[PDB]
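Read the structure below first, then the notes.
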Amino acid sequence: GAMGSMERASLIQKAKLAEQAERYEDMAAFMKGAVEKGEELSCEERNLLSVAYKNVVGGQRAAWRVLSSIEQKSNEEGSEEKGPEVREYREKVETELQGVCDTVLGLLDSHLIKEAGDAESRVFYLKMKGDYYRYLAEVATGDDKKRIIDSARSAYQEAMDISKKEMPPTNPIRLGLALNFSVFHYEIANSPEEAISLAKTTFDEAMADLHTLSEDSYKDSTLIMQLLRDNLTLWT
Amino acid sequence: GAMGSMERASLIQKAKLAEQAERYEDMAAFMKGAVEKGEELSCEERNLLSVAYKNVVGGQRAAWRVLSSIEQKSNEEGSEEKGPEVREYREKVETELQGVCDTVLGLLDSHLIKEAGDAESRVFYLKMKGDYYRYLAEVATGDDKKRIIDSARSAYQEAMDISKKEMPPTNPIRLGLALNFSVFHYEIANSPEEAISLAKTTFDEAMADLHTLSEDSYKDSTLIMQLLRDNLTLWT
Amino acid sequence: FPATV
Amino acid sequence: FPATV
Ligand SMILES: N=C(N)c1cc(-c2cccc(NC(=O)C3(Oc4ccc(Cl)cc4)CCC3)c2)cs1
Ligand SMILES: N=C(N)c1cc(-c2cccc(NC(=O)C3(Oc4ccc(Cl)cc4)CCC3)c2)cs1
């Protein structure tokens, strides 16, 4: 590891600086270095890790979608099949995306998840595992597409089972997990009814628990609840 | 699967024909199709599968070694760094090799090993799993090299434990497993002493059991025993 | 595209 | 190279 000689605390501090500078590839490399020190991560640290890689892979996904759209248009009957360049460059971006996903999944498997005993850490990491298999599923076309989809589903399902036993319905990790698992159902699993049912049940159960929250927790929970409603408005 | 419409028995017959024609890529595709029918494989069928892929990957390994040797020579101080072509083409062959290994490992995991209850099938498949992780290890350089090596070791070790409980010391599967695990130790694990000890103990225990064998079984066992001796002569 | 977090 | 089977 290129970060192996840097102090854990220095890596975390530089991740925070990279975030302020909108240098998310650096942020992710710093947080990968911090994870590789082998100690469990605090709440703030888990969110630094997640924010870094979600921004990196988010940029790759956006680029891949542009390139895939160009590629599909270049293959419609009535175009001008220039040559291999669009496919080649889409594949390059795709391979880089798959490499980032594999890196994150490797950090979760070695060894974040197995050491995560508290619900807030374990559910957070299993949600991430579902998310990064979902990103792999978005680009998958070959013999392992069903298996990638089921790996996402299985991770999300374990996270949901823990969250329903261990967290209140307004817990923002529980809400964000359900938001993303609902998107998995709609966009990946071709299960729009399951996606709508999950988002609606999650929203209604959170609504009925809002009265227990402080003003600050209320703001956190209702933010994700609005995203659930936004998706339901898109889908219905 | 491109073979999904062909009868299992027709796939096996064509694998045998491809072997006679020295068309090992076809042989492997036919046997992959046969495995994907989902039924367990007979002894003959397991050997058809193994022979096909060992010849395919064997050709790739030989090509990769030539290209890697050229690449290393082109990087020595005092050459003529033409450009990226040798590295690019070595990487192309390497990626194709890794894809074949992943295909075989996928067949073993989905679902040959889990349905293999008899020692002769289970040890055979676990030996194959060790072999194809070993081939991946031969080209591995990055963050997963140690993990690939340990996956080979673990598969070989489980196969050895079963073989020592369930098979006589002259059983050719047991012998071939030990031959290859010994090479794993020498060439992959940097454990030449373990490689020599395993080959010598395997040879001596087989020697002492030869008296129990028919003339045909004697010929089978002593053939692999000679390979053990050949390696020991190379290493000592 | 749908919202995720 | 060493023999394997
Ligand atoms: N960037 C950073 N330096 C840090 C961010 C946080 C942090 C702290 C509390 C809450 C959150 N919450 C979020 O950011 C959002 O809510 C989420 C809810 C659930 C999940 Cl699972 C993920 C996100 C995304 C939109 C609001 C962040 C610590 S440090
Ligand atoms: N080609 C084919 N149509 C088939 C070959 C076989 C078959 C039958 C009996 C023995 C063997 N034995 C081998 O071929 C060798 O011994 C091995 C011993 C152990 C292991 Cl694990 C693998 C090979 C490699 C050199 C001798 C093959 C059936 S069908």
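Ordered as shown in the structure tokens, chains take letters A, B, and onward, while each chain numbers its residues from 1 and ligands are numbered from 1 in the order shown.
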* To do: Taking only C-alpha atoms into account, report as a PyMOL selection string which residues of chain A lie within 10 Å of chain B.
  => chain A and resi 1+103+106+143-144
Dump of C-alpha atoms for the selected residues, as an mmCIF file, in the first residue's frame:
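And here's again06.cif as it stands now:
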data_model
loop_
_atom_site.group_PDB
_atom_site.id
_atom_site.type_symbol
_atom_site.label_atom_id
_atom_site.label_comp_id
_atom_site.auth_asym_id
_atom_site.auth_seq_id
_atom_site.Cartn_x
_atom_site.Cartn_y
_atom_site.Cartn_z
ATOM 1 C CA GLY A 1 0.000 0.000 0.000
ATOM 2 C CA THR A 103 -11.585 -2.491 -4.189
ATOM 3 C CA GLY A 106 -12.416 -6.170 -0.855
ATOM 4 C CA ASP A 143 -22.356 -15.470 -17.174
ATOM 5 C CA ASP A 144 -22.225 -13.893 -13.693
#
* Asked: Which residues form the shell of 6 Å around ligand 1 when you count only C-alpha atoms and all ligand atoms, given as an NGL selection string?
  -> (:A and (44 or 47-48 or 51 or 124 or 172-173 or 176-177)) or (:C and (5))
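Residues within 9 Å of residue 105 (chain B), counting only C-alpha atoms and excluding same-chain residues fewer than 6 positions away, are residues 128, 129, 132 and 133 of chain B.
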Can you write just those residues out, C-alpha atoms, as a CSV table (one decimal), in the first residue's frame?
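Writing the result to again26.csv gives the following:
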chain,number,residue,atom,x,y,z
B,128,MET,CA,-8.5,-28.9,-10.1
B,129,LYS,CA,-9.5,-25.9,-7.9
B,132,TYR,CA,-6.4,-23.2,-11.5
B,133,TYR,CA,-5.8,-20.9,-8.5
If you count only C-alpha atoms, which residues fall within 10 Å of region 225-227 of chain A, apart from same-chain ones fewer than 6 positions away, as a CSV table (one decimal) with N, CA, C and O atoms, in the first residue's frame?
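Saved result, selection33.csv, follows:
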chain,number,residue,atom,x,y,z
A,170,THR,N,-36.9,5.2,12.1
A,170,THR,CA,-36.5,6.5,11.7
A,170,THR,C,-34.9,6.5,11.6
A,170,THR,O,-34.4,7.6,11.1
A,172,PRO,N,-31.5,6.9,10.3
A,172,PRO,CA,-31.1,7.2,9.0
A,172,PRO,C,-30.4,6.1,8.2
A,172,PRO,O,-30.5,6.1,7.0
A,175,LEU,N,-33.1,3.9,7.0
A,175,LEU,CA,-33.9,4.5,5.9
A,175,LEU,C,-33.0,4.5,4.7
A,175,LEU,O,-33.6,4.3,3.6
A,176,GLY,N,-31.8,4.8,4.7
A,176,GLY,CA,-30.9,4.9,3.5
A,176,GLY,C,-30.8,3.5,2.9
A,176,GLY,O,-30.8,3.4,1.7
A,179,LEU,N,-34.1,2.9,1.1
A,179,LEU,CA,-34.1,3.7,-0.1
A,179,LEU,C,-33.3,3.0,-1.2
A,179,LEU,O,-33.8,2.8,-2.3
A,199,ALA,N,-40.5,1.1,-0.4
A,199,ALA,CA,-40.4,2.5,-0.2
A,199,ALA,C,-41.6,3.1,0.6
A,199,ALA,O,-41.4,3.9,1.6
A,200,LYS,N,-42.8,2.6,0.3
A,200,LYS,CA,-44.0,3.1,1.0
A,200,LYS,C,-44.1,2.6,2.4
A,200,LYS,O,-44.3,3.4,3.3
A,202,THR,N,-41.6,1.7,4.3
A,202,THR,CA,-40.5,2.3,5.0
A,202,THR,C,-40.9,3.8,5.4
A,202,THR,O,-40.7,4.2,6.5
A,203,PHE,N,-41.5,4.5,4.5
A,203,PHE,CA,-41.9,5.9,4.7
A,203,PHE,C,-43.0,5.9,5.8
A,203,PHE,O,-42.9,6.7,6.7
A,204,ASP,N,-44.0,5.1,5.7
A,204,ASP,CA,-45.1,5.1,6.7
A,204,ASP,C,-44.6,4.7,8.1
A,204,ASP,O,-45.0,5.3,9.1
A,206,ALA,N,-41.6,5.1,9.3
A,206,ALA,CA,-40.8,6.2,9.8
A,206,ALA,C,-41.7,7.3,10.3
A,206,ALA,O,-41.5,7.9,11.3
A,207,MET,N,-42.7,7.7,9.4
A,207,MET,CA,-43.7,8.7,9.8
A,207,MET,C,-44.2,8.5,11.2
A,207,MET,O,-44.2,9.5,12.0
A,219,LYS,N,-34.7,16.2,11.5
A,219,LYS,CA,-34.3,16.8,10.2
A,219,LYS,C,-33.5,15.7,9.4
A,219,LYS,O,-33.7,15.5,8.2
A,233,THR,N,-42.8,9.2,-6.3
A,233,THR,CA,-43.4,10.0,-7.3
A,233,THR,C,-42.9,9.8,-8.7
A,233,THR,O,-43.7,9.9,-9.6
C,2,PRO,N,-33.2,7.6,-10.0
C,2,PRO,CA,-33.8,7.6,-8.7
C,2,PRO,C,-32.7,7.9,-7.6
C,2,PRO,O,-31.5,7.7,-7.8
C,3,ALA,N,-33.2,8.5,-6.5
C,3,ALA,CA,-32.3,8.9,-5.5
C,3,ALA,C,-31.8,7.7,-4.7
C,3,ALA,O,-32.6,6.8,-4.3
C,4,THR,N,-30.5,7.7,-4.4
C,4,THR,CA,-29.8,6.7,-3.5
C,4,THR,C,-28.9,7.5,-2.6
C,4,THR,O,-28.4,8.6,-3.0
C,5,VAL,N,-28.5,7.0,-1.5
C,5,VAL,CA,-27.6,7.6,-0.6
C,5,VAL,C,-26.4,6.7,-0.2
C,5,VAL,O,-26.4,5.5,-0.3
* Asked: If you count only C-alpha atoms, which residues fall within 12 Å of residue 1 (chain C), apart from same-chain ones fewer than 5 positions away, as number ranges by chain?
  -> A: 61-62, 65, 183, 186-187, 227, 230-231, 233-235
Keeping only N, CA and C atoms, write the selected residues to a file as a CSV table (one decimal), in the first residue's frame.
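Saved to again-v1.csv:
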chain,number,residue,atom,x,y,z
A,61,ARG,N,-20.0,6.0,-13.1
A,61,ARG,CA,-21.3,5.6,-13.5
A,61,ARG,C,-21.8,6.6,-14.5
A,62,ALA,N,-21.7,7.9,-14.2
A,62,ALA,CA,-22.2,8.9,-15.1
A,62,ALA,C,-21.5,8.8,-16.4
A,65,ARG,N,-22.7,5.8,-18.4
A,65,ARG,CA,-24.0,5.9,-19.0
A,65,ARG,C,-23.9,6.8,-20.3
A,183,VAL,N,-34.4,1.0,-4.7
A,183,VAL,CA,-33.9,1.2,-6.1
A,183,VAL,C,-33.3,0.0,-6.7
A,186,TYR,N,-36.2,-1.9,-8.2
A,186,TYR,CA,-36.8,-1.2,-9.4
A,186,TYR,C,-35.8,-1.3,-10.6
A,187,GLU,N,-34.6,-1.0,-10.4
A,187,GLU,CA,-33.7,-0.8,-11.6
A,187,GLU,C,-32.9,-2.0,-11.9
A,227,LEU,N,-36.5,11.6,0.1
A,227,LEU,CA,-36.0,10.9,-1.1
A,227,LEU,C,-36.9,9.7,-1.4
A,230,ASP,N,-39.8,11.1,-3.2
A,230,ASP,CA,-39.3,11.5,-4.5
A,230,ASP,C,-39.3,10.3,-5.5
A,231,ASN,N,-38.8,9.2,-5.0
A,231,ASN,CA,-38.7,8.0,-5.9
A,231,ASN,C,-40.2,7.5,-6.1
A,233,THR,N,-42.8,9.2,-6.3
A,233,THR,CA,-43.4,10.0,-7.3
A,233,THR,C,-42.9,9.8,-8.7
A,234,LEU,N,-41.7,9.4,-8.8
A,234,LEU,CA,-41.1,9.0,-10.1
A,234,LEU,C,-41.8,7.7,-10.6
A,235,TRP,N,-42.1,6.7,-9.7
A,235,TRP,CA,-42.5,5.4,-10.1
A,235,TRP,C,-44.0,5.2,-10.2
* **Atom pair CA of residue 73 (chain A) / CA of residue 147 (chain A): separation (Å)** =>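 A separation of 28.7 Å between them.
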Excluding residue 155 (chain A) and its own-chain neighbours fewer than 3 positions away, which residues fall within 8 Å of it when counting only C-alpha atoms? Please give them as a PDB file with N, CA and C atoms, in the first residue's frame.
ATOM      1  N   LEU A 126     -22.962  -3.623   5.315  1.00  0.00           N
ATOM      2  CA  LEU A 126     -23.709  -4.529   4.435  1.00  0.00           C
ATOM      3  C   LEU A 126     -24.489  -3.744   3.379  1.00  0.00           C
ATOM      4  N   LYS A 127     -25.010  -2.571   3.737  1.00  0.00           N
ATOM      5  CA  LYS A 127     -25.586  -1.675   2.734  1.00  0.00           C
ATOM      6  C   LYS A 127     -24.575  -1.326   1.652  1.00  0.00           C
ATOM      7  N   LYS A 129     -21.998  -3.079   0.769  1.00  0.00           N
ATOM      8  CA  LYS A 129     -21.762  -4.267  -0.036  1.00  0.00           C
ATOM      9  C   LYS A 129     -22.873  -4.444  -1.073  1.00  0.00           C
ATOM     10  N   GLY A 130     -24.124  -4.253  -0.663  1.00  0.00           N
ATOM     11  CA  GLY A 130     -25.218  -4.264  -1.626  1.00  0.00           C
ATOM     12  C   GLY A 130     -25.051  -3.209  -2.711  1.00  0.00           C
ATOM     13  N   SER A 151     -25.853 -11.449  -5.159  1.00  0.00           N
ATOM     14  CA  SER A 151     -24.946 -11.002  -4.111  1.00  0.00           C
ATOM     15  C   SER A 151     -25.390  -9.659  -3.558  1.00  0.00           C
ATOM     16  N   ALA A 152     -25.850  -8.764  -4.434  1.00  0.00           N
ATOM     17  CA  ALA A 152     -26.395  -7.504  -3.942  1.00  0.00           C
ATOM     18  C   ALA A 152     -27.624  -7.767  -3.077  1.00  0.00           C
ATOM     19  N   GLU A 158     -29.574  -9.166   4.364  1.00  0.00           N
ATOM     20  CA  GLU A 158     -29.003  -9.318   5.703  1.00  0.00           C
ATOM     21  C   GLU A 158     -29.018  -7.977   6.448  1.00  0.00           C
ATOM     22  N   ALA A 159     -28.667  -6.896   5.752  1.00  0.00           N
ATOM     23  CA  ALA A 159     -28.706  -5.573   6.361  1.00  0.00           C
ATOM     24  C   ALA A 159     -30.117  -5.223   6.809  1.00  0.00           C
TER      25      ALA A 159
END
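Among the candidates B:160, B:131, B:216, B:104, the residue lying nearest to chain D is B:131 (atoms considered: only C-alpha atoms).
Between CA of residue 193 (chain B) and CA of residue 236 (chain B) the interatomic distance comes to 10.1 Å.
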* To do: Could you tell me which of B:180, B:72, B:157, B:201 comes closest to ligand 2 if we count only C-alpha atoms and all ligand atoms?
  =>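 Checking each of B:180, B:72, B:157, B:201 against ligand 2, counting only C-alpha atoms and all ligand atoms, the winner is B:180.
With CA of residue 149 (chain B) on one side and CA of residue 123 (chain B) on the other, the separation reads 18.7 Å.
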* **Neighbour list for residue 210 (chain A) as a ChimeraX atom specification, cut-off 9 Å, only C-alpha atoms, skip fewer than 3 positions in-chain** => /A:169-170,206-207,213-214,217-218,221-222
May I have the selected residues written with N, CA and C atoms, as an mmCIF file, in the first residue's frame?
data_model
loop_
_atom_site.group_PDB
_atom_site.id
_atom_site.type_symbol
_atom_site.label_atom_id
_atom_site.label_comp_id
_atom_site.auth_asym_id
_atom_site.auth_seq_id
_atom_site.Cartn_x
_atom_site.Cartn_y
_atom_site.Cartn_z
ATOM 1 N N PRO A 169 -37.418 2.655 13.230
ATOM 2 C CA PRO A 169 -37.748 2.887 11.817
ATOM 3 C C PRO A 169 -37.301 4.218 11.285
ATOM 4 N N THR A 170 -36.943 5.186 12.133
ATOM 5 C CA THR A 170 -36.452 6.467 11.658
ATOM 6 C C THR A 170 -34.930 6.536 11.572
ATOM 7 N N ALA A 206 -41.620 5.086 9.269
ATOM 8 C CA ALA A 206 -40.818 6.182 9.794
ATOM 9 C C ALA A 206 -41.720 7.329 10.252
ATOM 10 N N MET A 207 -42.709 7.696 9.430
ATOM 11 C CA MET A 207 -43.653 8.749 9.810
ATOM 12 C C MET A 207 -44.172 8.545 11.229
ATOM 13 N N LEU A 213 -38.394 11.854 18.118
ATOM 14 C CA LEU A 213 -37.108 12.414 17.739
ATOM 15 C C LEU A 213 -36.928 13.855 18.211
ATOM 16 N N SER A 214 -35.679 14.197 18.513
ATOM 17 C CA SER A 214 -35.276 15.583 18.666
ATOM 18 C C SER A 214 -35.379 16.325 17.338
ATOM 19 N N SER A 217 -32.577 15.095 15.007
ATOM 20 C CA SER A 217 -32.819 13.771 14.438
ATOM 21 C C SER A 217 -33.991 13.808 13.465
ATOM 22 N N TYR A 218 -35.021 14.597 13.786
ATOM 23 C CA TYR A 218 -36.133 14.790 12.867
ATOM 24 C C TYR A 218 -35.650 15.270 11.511
ATOM 25 N N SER A 221 -33.886 12.338 9.605
ATOM 26 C CA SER A 221 -34.802 11.297 9.145
ATOM 27 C C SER A 221 -35.706 11.810 8.033
ATOM 28 N N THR A 222 -36.245 13.017 8.187
ATOM 29 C CA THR A 222 -37.162 13.482 7.161
ATOM 30 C C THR A 222 -36.454 13.765 5.850
#
* Asked: Looking only at the backbone, which of the residues in region 135-180 of chain B does DSSP tag as alpha helix (DSSP H), as a PyMOL selection string?
  -> chain B and resi 135-139+145-166+172-180
